[PDB]
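Q: Provided herewith is a single structure, encoded as structure tokens, for subsequent inquiry.
Throughout, read-outs are computed from the coordinates displayed, never taken from laboratory work. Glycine also receives a Cβ, built like all others from the backbone with ideal geometry; neighbour counts cover every protein chain displayed.
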Amino acid sequence: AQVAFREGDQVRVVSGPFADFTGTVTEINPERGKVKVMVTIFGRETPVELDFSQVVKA
């Protein structure tokens, strides 16, 4: 039993100043290929939109 991705999971950022945080998958877009996760920067929530090409599974 294996899986590529699952809603409600946690994924880290790709790079940049945010290359040390994760997010909470709220919704997915298979038809296109996007992903939304709620990250936390400076000790505060921050909902941002990304894509598998800018995130990683942890």
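Q: In units of 2.2 N^0.38 Å, what is the alpha-carbon radius of gyration of the chain?
A: Its radius of gyration relative to the 2.2 N^0.38 Å reference: 1.08.
Q: Also, I was wondering about something else. Between exposed trypsin sites (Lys or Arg not before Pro) in the chain, where DSSP calls loop and at most 16 other Cβ atoms lie within 10 Å, what's the longest gap?
A: Longest site-free region, per DSSP loop and neighbour criteria: 7-31.
Q: Full extension from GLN54 to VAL14: what is 0.36 nm times the residue separation minus their Cα-Cα distance, to one decimal in nm? Present the calculation step by step, with values, prior to reporting the outcome.
A: Working: separation 40, 0.36 × 40 = 14.40 nm, distance 0.47 nm.
13.9 nm is the gain from fully extending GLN54 to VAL14.
Q: Restricting to DSSP loop positions (anything but H, G, I, E, B) with no more than 10 other Cβ atoms inside 10 Å of their own Cβ, which GluC sites (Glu not before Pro) remain in region 15-54?
A: Working: sites: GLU27, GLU31, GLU45, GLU49; in loops: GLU31.
Listed in order of number, the matching sites are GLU31.
Q: Would any residue of region 1-23 have its amide N under 15 Å from a label point 7 Å out along Cα→Cβ of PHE42? List them or say none.
A: Backbone N within reach: 17-18.
Q: Given Cα pairs under 8 Å that are at least 6 residues apart, what percent is the relative contact order of the chain? The partial results should precede the final answer.
A: On the way: 105 pairs, mean separation 18.6, N = 58.
In percent, rounded to a whole number, it is 32.
Q: Loop only per DSSP, at most 11 neighbouring Cβ atoms within 10 Å: give me the chymotrypsin sites (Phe, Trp or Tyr not before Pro) in the chain, ordered by residue number.
A: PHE42
Q: Under 5 Å between amide hydrogens, which residues at least 5 positions from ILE41 or on another chain qualify, with H placed 1.01 Å from N in the peptide plane?
A: Hits under the 5 Å cutoff: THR46.
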